[PDB]
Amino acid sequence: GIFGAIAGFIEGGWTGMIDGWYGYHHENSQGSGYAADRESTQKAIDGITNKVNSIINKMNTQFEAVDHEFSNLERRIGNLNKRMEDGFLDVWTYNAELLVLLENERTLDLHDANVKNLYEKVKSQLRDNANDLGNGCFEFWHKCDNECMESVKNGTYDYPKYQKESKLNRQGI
């Protein structure tokens, strides 16, 4: 997709993550789970809701066609009315259909970007204390606690704290 994450280097989504659009999956000696990142999810919900409402608001005008009759001496003005009314119909049908195609493209890209930025947020915290498997997964070189997992998620990961354990594990391999 344009940021390359969704249906990209993260090949699939998670039916097991039901509480958010974007999330973390973890496994550790204490268990495993799928959990949404609430801030990025809620921000995205607020934006998309706003996009939908803005479009609805912008579209809330109506062009009104009319029931008027015209005589056998009014072919010109009768046709003028028909061309006028068909004209606005074609303009608005165009405006709505194109807007939908364009905004659907850009909405999917916004989701892709939010996933991508989440992934980069973790990768810059972990540095060489973890190994990039593919598919947006990292394997820690150290034991990573539930508390450690929460620290990666809320951006408080203490790299130095695990640097020695990590290096020792890294090259033992």
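Numbers for residues come from their place in the sequence shown, where the first is 1.
Taking the mean C-alpha B-factor of each stretch as recorded, 100-108 and 135-143 are not equal, and the higher mean is that of 135-143. The PDB entry reports B-factors from which the mean C-alpha value can be compared for 126-134 and 113-121; the larger average falls on 126-134. Reading the B-factor column for the CA atoms of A65, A44, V52, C148 in the entry, the top value corresponds to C148. Placement of the Cα temperature factor of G172 within the chain: highest third of the modelled residues, per the deposited record.
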